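In: Please find the sequence and an experimentally derived structure below.
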Amino acid sequence: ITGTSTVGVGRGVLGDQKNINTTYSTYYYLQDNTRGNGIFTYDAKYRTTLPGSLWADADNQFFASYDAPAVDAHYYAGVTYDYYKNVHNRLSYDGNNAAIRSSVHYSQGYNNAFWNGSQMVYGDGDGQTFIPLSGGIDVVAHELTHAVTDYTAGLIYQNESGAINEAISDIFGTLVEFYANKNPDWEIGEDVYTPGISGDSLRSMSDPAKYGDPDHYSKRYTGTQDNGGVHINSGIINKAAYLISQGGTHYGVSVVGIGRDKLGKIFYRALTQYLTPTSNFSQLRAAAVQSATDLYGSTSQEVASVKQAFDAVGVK
Ligand SMILES: CC(C)C[C@H](NP(=O)(O)CNC(=O)OCc1ccccc1)C(=O)NCCCCN
Ligand SMILES: [Ca+2]
Ligand SMILES: [Ca+2]
Ligand SMILES: [Ca+2]
Ligand SMILES: [Ca+2]
Ligand SMILES: [Zn+2]
C-alpha cells in the first residue's frame, strides 16, 4: 500500500518484545519498506485461501496473542533478508529485491510451514506438536531459503536433489539463527516444537540419528514416502555441513572444522554457481569442492575439510 514508513512495537510467539517496520495509511500495516521492494505480512484468518489480507492494525501496537505469529514472521523475514544482503550480497530471494510475502494463521491446527512457489505460509500448530511456526527464526529462514533455491539451483523436490534442497534450507536456516545470535544451535525448529517437551527438535544437524535420520549414505532411505525422503536423507548433507563447520571424527573419519562463515560461503557459491535442478549428492560434493577451490585455493585446508566431511558421510 502507499503510505509512510512507521515503527510499531509488539510481542512475538515466545513473549519477547521487538520493534517492527510498518506502513501508515489509515491503518498501520505489516509492510516494511526499509528492505528491498518490501516485506509484507498477511492474515490467512485460519483459512487456506492465500495470501489473505495484508495485516492491518489500528494503533501500531502488536501485543495481542493473535498478533504474535505475524510479528515474528515479519521480523524474522527482515533478519533473513539482512543475512542474505549483508553476508552474500544477495538482494531478496530473486537477487533483484522481489517483495517478500508471508501469511500467518494458515488453516487450523496446521503443523507445518512452506513456500508455495510465491510466498511463505505458516501454520499455528496444534499446540502439542508445534506452536505457531514463525516463532522459529531457523524455520522462517528455512522457508525463505526455499525461494532462494528455486530461483538459483532449482533443485527438484524429490529423491537426492530434494534432500539437497532440504539440507540447503536447514543449513541457511541455522546460519541465519547464528547471525541473529539468540540461543543458536545446530538443531531445527526447537523454539516452536513440542512445548511440553524440553530439549528436543524436529531435526538435528549435529546428530541426525537422534531423530532417526541417516548420518551416512549407506543408511539412506530409498522408498517413496516424503517425496523419496527429502526430510530424511537431508540428514546426510546436514551432517556433512556440520562437520565442515565444527569438525569431528565420524565413523572413524576425522574432519578439521573451518567454521560457520566459510561453510556458508562454500555452500552459497555451490548453490548459486554449480548446482542444477537434478544434482545428486555426489554432484553436490563436486560443487562444494570446486566452490572451496575458487574461494580458498586447491591446496587449502578448506578444500581438504570439504573432502573429509563428504568422506565421513559416505559420499564420493
Ligand atoms: C522447518 C520445518 C518446521 C518446516 C519444514 N517445511 P517445508 O518448507 O520443508 C515443506 N515444504 C514443502 O513441502 O514444499 C513443497 C511445496 C511446493 C509448492 C507448494 C507447496 C509445497 C519441514 O521440515 N516440514 C516437514 C516436517 C513437518 C511436520 N508436520
Ligand atoms: Ca494493535
Ligand atoms: Ca536455537
Ligand atoms: Ca535451531
Ligand atoms: Ca520441545
Ligand atoms: Zn523445507
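Out: Alright, I've got the coordinates. Numbering: from 1, shown residues only. Ligands and ions are numbered 1, 2, ... in the order given.

In: Contact partners for whatever residue of the chain ends up closest to ligand 5?
Out: Closest contact between the chain and ligand 5, by CB to the ion, is at residue 194 (3.3 Å). Placement of C-beta: from N, CA and C, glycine included. Listed by CB atoms under 8 Å, 6 or more residues apart in numbering, the contact set of residue 194 reads 128-130, 200.

In: Buried subset of those as a PyMOL selection?
Out: For the buried members of the contacts of residue 194, the matching PyMOL selection, counting by 16 or more other CB atoms under 10 Å, is:
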select buried, resi 129+130
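
In: Mind putting the contacts of residue 194 into a markdown table with distance to residue 69?
Out: Below are the contacts of residue 194 laid out as a markdown table (distance: CB to CB, whole Å):
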| residue | distance to residue 69 |
| --- | --- |
| 128 | 17 |
| 129 | 16 |
| 130 | 11 |
| 200 | 21 |
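
In: closest to ligand 3 among the contacts of residue 194?
Out: Using CB to the ion, those come closest to ligand 3 at residue 200, 12.1 Å.

In: you'd agree that closest one is up against residue 193?
Out: Yes. Judged on CB atoms under 8 Å, residue 200 makes contact with residue 193 at a distance of 6.4 Å.

In: is it possible to export the contacts of residue 194 to CSV including secondary structure?
Out: Listed next are these as CSV, based on DSSP: H, G, I helix; E, B strand; the rest coil:
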residue, secondary structure
128, coil
129, coil
130, strand
200, coil
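
In: returning to that earlier point: need the overlap of contacts for residue 200 and residue 193.
Out: By CB under 8 Å, 6+ apart, no residue touches both residue 200 and residue 193.

In: which residues touch residue 276?
Out: 153-154, 283.

In: Show only the entries of those found in helices.
Out: residue 283 (DSSP state H).

In: Could you turn the buried ones of the contacts of residue 276 into a PyMOL selection?
Out: A single PyMOL command selects the buried members of the contacts of residue 276 (16+ other CB under 10 Å):
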select buried, resi 153+283
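
In: Which single one of the contacts of residue 276 is nearest to ligand 4?
Out: Using CB to the ion, residue 153 comes nearest to ligand 4 of the contacts of residue 276, at 23.2 Å.

In: if I read this right, residue 289 contacts residue 305, doesn't it?
Out: No. Judged on CB under 8 Å, residue 289 makes no contact with residue 305 at a distance of 10.5 Å.

In: which bits of the stretch 51-200 of the chain sit near ligand 3?
Out: Contacts of the stretch 51-200 of the chain with ligand 3, taken as CB under 5 Å from the ion, map to 183, 185.

In: okay if I get the contacts of residue 276 as a markdown table plus distance to residue 183?
Out: What follows is the contacts of residue 276, written out as a markdown table (distance: CB to CB, whole Å):
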| residue | distance to residue 183 |
| --- | --- |
| 153 | 30 |
| 154 | 33 |
| 283 | 35 |
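
In: nearest to ligand 1, of the contacts of residue 276?
Out: residue 154 (12.7 Å; CB to the nearest ligand atom).

In: Which residues of the stretch 51-200 of the chain lie near ligand 5?
Out: 193-194, 197, 200.

In: go with 8 Å
Out: 190, 193-200 (CB under 8 Å from the ion).

In: Give the closest residue to the most centrally placed residue in the chain in space, chain neighbours not counted.
Out: Central residue of the chain (CA atoms, centre = their mean): residue 142, 1.5 Å from the mean position. Nearest residue to residue 142, sequence neighbours excluded (CB to CB, 6 or more residues apart in numbering): residue 173, at 3.7 Å.

In: tell me which element that neighbour is part of?
Out: helix 159-180 (DSSP states H and E).

In: so how far is that helix off the chain centroid?
Out: 6 Å (CA atoms, centre = their mean, to the nearest Å).

In: Now do the end-to-end distance for stretch 143-159.
Out: 19 Å (CA to CA, to the nearest Å).

In: residue contacts, the residue in the stretch 201-316 of the chain that ligand 4 sits nearest to?
Out: Nearest to ligand 4 in the stretch 201-316 of the chain, going by CB to the ion, is residue 201, at a distance of 6.7 Å. Applying CB under 8 Å, 6+ apart, we find residue 201 in contact with 187-190, 193, 211.
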